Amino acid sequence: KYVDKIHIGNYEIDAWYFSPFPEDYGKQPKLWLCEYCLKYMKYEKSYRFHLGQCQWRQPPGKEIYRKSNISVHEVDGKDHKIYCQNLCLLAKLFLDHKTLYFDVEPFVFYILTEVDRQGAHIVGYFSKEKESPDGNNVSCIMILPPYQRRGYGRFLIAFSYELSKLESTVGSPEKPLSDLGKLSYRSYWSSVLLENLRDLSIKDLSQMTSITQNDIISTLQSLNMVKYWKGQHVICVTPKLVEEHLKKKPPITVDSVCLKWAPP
């Protein structure tokens, strides 16, 4: 059988996809995951015992972002291999296209948590190649179901671009995108580009945002805001055009004052 349900934190979550946990774990109907160290367990009793023993109350690695109770940890897959493998196995339950789970050393992982008196509770993550020949600033990106469509995914997208800006580079998420990921990027790109235009060339926008010119152009095309002239895309916008594609949920926001981070 496959794993079809997990318990993590105070949540029970149904699986969306196969994930290659060991077949004894895989063969269990339901796995129990420590929300802090991501150990996966077969039984309610081993889970309860672990909860009393585990000393971790947050992800490992460097806390590279903290604003109020919103935290991002940067975890090197070479330095916390087991944790990152466990994270990839969790993620694969909700990602069709992810293929990499155990060979985590080439990646850095950015773990989003929401903190309270008990600890830092995992919401989602994105992985990123330490070296990306293709200029991908996100490899895989996943928000756990109870947190989806609540602003956390937008925060991670914005975060991934704040890192690209700090690296003085453009970047794009690796394809294929999940169905929820594609909707979210398009919405993020639209909002960011429109907010800027309302407040410019395609190249200007790319330098300001670290969004690739390709993603800028495809977004503007869906907004019907580019013309084509002798082989070149060119922005074509007016206020009624801009301001009527913006006219609601206040985002979490990435406050670059609260980001502790320099390029590798």
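For every residue, the number given is its place in the sequence shown, counted from 1.
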Unresolved deposited residues in the interval that joins residue 240 and residue 241: none
Higher-B stretch (mean Cα B-factor, as the entry records it), 96-104 or 68-76: 96-104
22-30 set against 223-231, stretch whose average Cα temperature factor tops the other in the entry: 22-30
Residue with highest C-alpha B-factor in the PDB entry, from 42, 39, 48, 198: 198
Entry-reported Cα temperature factor of residue 14, expressed as the chain third it lands in: lowest
Chain-relative CA temperature factor third for residue 215: lowest
Chain-wide C-alpha B factor ranking for residue 153, given as lowest, middle or highest third: lowest
Among modelled residues of the same chain, the CA temperature factor third for residue 124: lowest
Residue 81 CA temperature factor, ranked by third within the chain: middle
